[PDB]
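Residue numbers (the entry's author numbering), protein chains in the order written: chain c, 102 to 250; chain b, 102 to 151; chain U, 2 to 260; chain T, 2 to 52, 59 to 260; chain O, 1 to 52, 61 to 260; chain J, 1 to 52. Inspection log for the structure reproduced underneath, given as structure tokens.
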Amino acid sequence: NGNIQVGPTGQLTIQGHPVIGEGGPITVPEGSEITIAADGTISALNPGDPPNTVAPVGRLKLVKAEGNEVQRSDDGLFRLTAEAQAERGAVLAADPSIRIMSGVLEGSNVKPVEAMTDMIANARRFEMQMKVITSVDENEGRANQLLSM
Amino acid sequence: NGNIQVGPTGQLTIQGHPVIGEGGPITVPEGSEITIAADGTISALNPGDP
Amino acid sequence: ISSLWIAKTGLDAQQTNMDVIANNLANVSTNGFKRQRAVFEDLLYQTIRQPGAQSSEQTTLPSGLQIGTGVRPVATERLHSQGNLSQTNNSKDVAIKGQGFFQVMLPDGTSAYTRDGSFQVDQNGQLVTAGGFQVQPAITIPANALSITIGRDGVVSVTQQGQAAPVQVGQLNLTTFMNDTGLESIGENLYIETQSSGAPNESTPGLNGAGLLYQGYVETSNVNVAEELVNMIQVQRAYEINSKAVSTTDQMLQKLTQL
Amino acid sequence: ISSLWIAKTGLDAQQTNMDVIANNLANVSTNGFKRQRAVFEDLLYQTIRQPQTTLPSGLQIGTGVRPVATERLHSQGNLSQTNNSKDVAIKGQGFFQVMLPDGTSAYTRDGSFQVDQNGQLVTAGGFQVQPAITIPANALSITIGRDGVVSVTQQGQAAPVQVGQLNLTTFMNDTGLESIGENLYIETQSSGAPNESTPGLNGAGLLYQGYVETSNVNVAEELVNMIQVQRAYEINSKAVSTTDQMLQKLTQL
Amino acid sequence: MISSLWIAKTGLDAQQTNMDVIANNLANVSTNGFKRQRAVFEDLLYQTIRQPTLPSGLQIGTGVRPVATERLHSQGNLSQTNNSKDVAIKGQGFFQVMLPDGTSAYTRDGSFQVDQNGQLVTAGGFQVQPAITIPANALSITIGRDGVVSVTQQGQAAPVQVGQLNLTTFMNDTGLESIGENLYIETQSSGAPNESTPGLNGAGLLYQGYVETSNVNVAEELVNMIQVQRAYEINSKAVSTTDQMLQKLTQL
Amino acid sequence: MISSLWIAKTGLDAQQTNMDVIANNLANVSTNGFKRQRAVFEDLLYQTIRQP
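In structure tokens form, the structure reads like this:
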């Protein structure tokens, strides 16, 4: 989720979670305009100042994860599995091979066709199981009459 | 499936399968502009060459 | 049942998105309007059972069940961009360039900030916004004013009858905030301070990161109809998709209860 | 359920085809862009039963369709005049070379160059052109001939001074290049080892100053393909609907 | 979610910004010392589908995004204004004016006027940096090829020089940040400005009584408008057909 | 509601005022001691999507 917000004191955040870059939780100047480079460098320009005063103020930390070694958590933040964590260290290293772009925001990835087919299959399987339940109950109920004398 | 492709070394491969002609499967130059005739002849012209 | 609650939350989220889109489209003619955008967030996750041991001379899938909960609208952020300027030829209309907010005085005693440049003079000569609320610096224009002129800065002057040199009457200073996104928006094109946005600081235009004043121009709303139409189509399709889940859950529950 | 899976695969294939069609349509005014077409193929075939004159009486069930590749039509686009003095266009084959920030080298095709504060020649985006042509101050006029030589004139100089040469690279098979975003391509195993050359030699192209190469997107072709994709999608949905009807009736009875 | 909607939306946005810059270029065809603008686009990120020396890999695009907009700093035409205080720069260069706040702004549109104090100010109130002062009781003002400005007085034969018009040059002309009133300010993309007398170190000359006009090609603008209109309509059709397909899917 | 429309409005207004001053100059061509007028325009503000 690339939607980054700025607090009153220049603290960056994402949904209330402070984003950490190279170092600790990065804090930009108080009320400066912020620009993101193509590889994670953060530039700040104090408003009203001449444009030749834009200065780098920090750098984001971007990690690369394959996808088959990351598990979701209760809050909704992916973390490494135990084996991948042991193999690659407790905390990942900011690889320089990842490049990003500003001005765009990525949405979700849910396939409507997959959702519809899954729903149809679930409904049909539920109906078949219900029919099986009915048949078994009827058979047992009629079989218990044998116990009489 | 008349969708022919050229690999880096210059073999006409369709869907990862080399094409077979008479006398060896196929062999083309590195980057020639391949022109396939009406009955099977495969003319090749080296780019930049006259 | 959990499916109905989850689909209810999804339908509510789509309805709220449609509501903010409709609000953005409705006031496309309001002066100095900043378009909003609603951002959602998924709820917590319930873990029925944690994954066990894996990756032991095998290529098995992880056996971890983790159900979702739904979606809630977490925020509605406005885009404090710069809108276009339209000419009105009225000497009492001021357009603002850059950042800043004119400070008006609410009747109860507090103060609110606005960007809408449309000023009129009440019966006492005071400069008030369209609606009767007085401008906090309280610029007073005397009678028999041949022409009221406001420069690129906040200085305002008016020429008299005989005297050649115009007589200055006031300064239109404007306030700025550390984070303009956190302002709380109410009716009458008014923004008020919150805990999220820092304490306002006043400055004359052109200094301390403030804007500049253009006379006789009005800033228009920065709404993007191309975005709005596609958003409408997307939310309609998503609403239909979500309703399909309710329909299927109802059908399967009905088949169950016909047991 | 077999019908459901097959129809799901068909719908996904049509979705990807519509995606590439929309991608081709979107950047119809992007300099140095090449259209893409997607090619599909069938999956494995199940052999349920092995085989005077009657039908052979054999069963062989299909599985579905998958997308295999997206081939780019590396044709020649038209040239449009921008009247600028620092824009170049490729006539024929060949790609420029630029340096990514990390250190690797990526190749581009379009020509739209500005000059940074130091004086070096960079593309629109900050990436520095690999041959590193530097144009000093007081550059009254810059000339980039049909060959790679770049010559700048100065105040009261009888003849222009050369400030470098713009050689360009060529690939054995350009269709296999990996296309990362921002009008860039990076070498991969599919394409052969690139070789650089001066323009007009070894099959390379020629440089025209003051023109840019427009994308070769065929709008009529894309519209017809889009109509066909929509109709095929509507046809495929009927398979899911009929399978659903069959399953519902089976469950009911 | 749907694949093609957010691609067609980006295409519509790109065409909208293209039409915006075209309209901006057309609007100020009568202003002095203006430079036409061109926007340049680029594709967005691509997603690679992972498959089991293959001819190619499966890659899917995402859309288009306007990356930059440059100004064509060519030489415009000259119109004879018949005035005596209008200067047109022949070549490359920029006058240095000073904003009221104190900073410096560099412009090319030369149409000067004299304030009540006798100084030389541009149209708008800003005064020229070298602080050219024209004394009262002036018969005529002459500006030569160089920056020397001379004023002729009654009863004197030799004209008296009052100031020098040194004009600044930049290493990167396009990188100047443009604000209103035909003013530019220096940035990091543009080099540090350096002063120069006219005719030396690549600086241009001065013509008195002329104003440089804008280099806008309306013939190109009209055809660009036709192209952007057609592209917008095509993208709208793409949106419509995506909507139809998705509606047919969801009404299952 | 479109930037192109709100820019073409100002363009039309500028051309109209230029024509108006031309017409005013042409009207009183026979007036004794009259000095002709000419109009000078400037561009409006700029929106910076990406800081140069």
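Note that the Cβ used here is the ideal one computed from N, Cα and C, for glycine as well.
Counted within 10 angstroms of its Cβ, other Cβ atoms place residue i as buried (16 or more) or exposed
i                     : result
residue 55 (chain J)  : This structure does not reach residue 55 (chain J), given that chain J is present from 1 up to 52, and the question cannot be answered.
residue 105 (chain T) : buried
residue 61 (chain U)  : exposed
residue 157 (chain T) : buried
residue 121 (chain c) : exposed
residue 114 (chain U) : buried
residue 21 (chain J)  : exposed
residue 46 (chain J)  : exposed
residue 225 (chain c) : buried
residue 238 (chain c) : exposed
residue 240 (chain c) : exposed
residue 31 (chain U)  : exposed
residue 163 (chain U) : exposed
residue 244 (chain T) : buried
residue 211 (chain T) : buried
residue 257 (chain U) : exposed
Helix, strand or coil at residue i [DSSP, three-state]
i                     : result
residue 220 (chain U) : strand
residue 46 (chain T)  : coil
residue 232 (chain c) : helix
residue 250 (chain T) : helix
residue 91 (chain U)  : coil
residue 36 (chain U)  : coil
residue 233 (chain U) : helix
residue 244 (chain O) : helix
residue 115 (chain c) : strand
residue 26 (chain U)  : helix
residue 222 (chain c) : helix
residue 204 (chain U) : strand
residue 61 (chain O)  : coil
Beta-carbon separation (whole angstroms), residue i vs residue j, contact threshold 8 Å
i                     : j                     : result
residue 170 (chain T) : residue 140 (chain T) : 6 Å
residue 246 (chain O) : residue 12 (chain T)  : Not quite, the Cβ-Cβ distance comes to about 19 Å (not below 8 Å), so this is no contact.
residue 174 (chain T) : residue 205 (chain T) : 5 Å
residue 87 (chain T)  : residue 221 (chain T) : 5 Å
residue 203 (chain T) : residue 116 (chain b) : Between residue 116 (chain b) and residue 203 (chain T) the Cβ distance is about 32 Å, and since that is not below 8 Å, they are no contact.
residue 101 (chain O) : residue 177 (chain O) : 6 Å
residue 67 (chain O)  : residue 239 (chain O) : Not a contact, Cβ separation roughly 23 Å.
residue 7 (chain O)   : residue 23 (chain T)  : 4 Å
residue 144 (chain T) : residue 179 (chain O) : 5 Å
residue 56 (chain U)  : residue 184 (chain c) : 6 Å
residue 44 (chain O)  : residue 72 (chain O)  : 7 Å
Selection from the options that minimises the alpha carbon distance to residue i
i                     : options                       : result
residue 215 (chain O) : O:245, O:99 and O:168         : O:99
residue 103 (chain b) : T:5, T:26 and T:40            : T:40
residue 126 (chain U) : U:258, U:181 and U:159        : U:159
residue 125 (chain c) : c:211, c:182, c:237 and c:158 : c:158
residue 128 (chain O) : O:110, O:97, O:153 and O:92   : O:92
residue 121 (chain U) : U:147, U:136 and U:167        : U:136
residue 70 (chain U)  : U:149, U:190 and U:5          : U:5
residue 233 (chain c) : T:243, T:259, T:24 and T:9    : T:259
residue 186 (chain U) : U:8, U:16, U:33 and U:3       : U:33
residue 107 (chain O) : U:240, U:237, U:219 and U:207 : U:207
residue 167 (chain c) : c:156, c:146, c:181 and c:160 : c:181
residue 29 (chain O)  : O:48, O:226, O:190 and O:154  : O:226
residue 198 (chain O) : O:18, O:218, O:181 and O:192  : O:181
residue 219 (chain U) : U:89, U:81 and U:75           : U:89
residue 54 (chain T)  : T:81, T:153, T:76 and T:83    : Residue numbering in chain T jumps from 52 to 59; residue 54 (chain T), which lies between, is not modelled.
residue 135 (chain c) : c:150, c:151, c:155 and c:149 : c:155
Distance cut-off 7 Å: residue i Cβ against heavy atoms of the ligand FAD
i                     : result
residue 112 (chain c) : Annotation note on the ligand FAD: not contained in the displayed structure, which lists no ligands.
Length at least 3, wholly inside the region 108-173 of chain T: the beta strand (DSSP E) runs in chain order: 112-115, 120-122, 128-130, 149-151, 156-159 and 168-172
**OP:** Would you mind listing the beta strand (DSSP E) stretches within the region 131-202 of chain c that are 3+ residues and don't spill past its ends, in chain order?
**Re:** 134-137, 142-146 and 156-160
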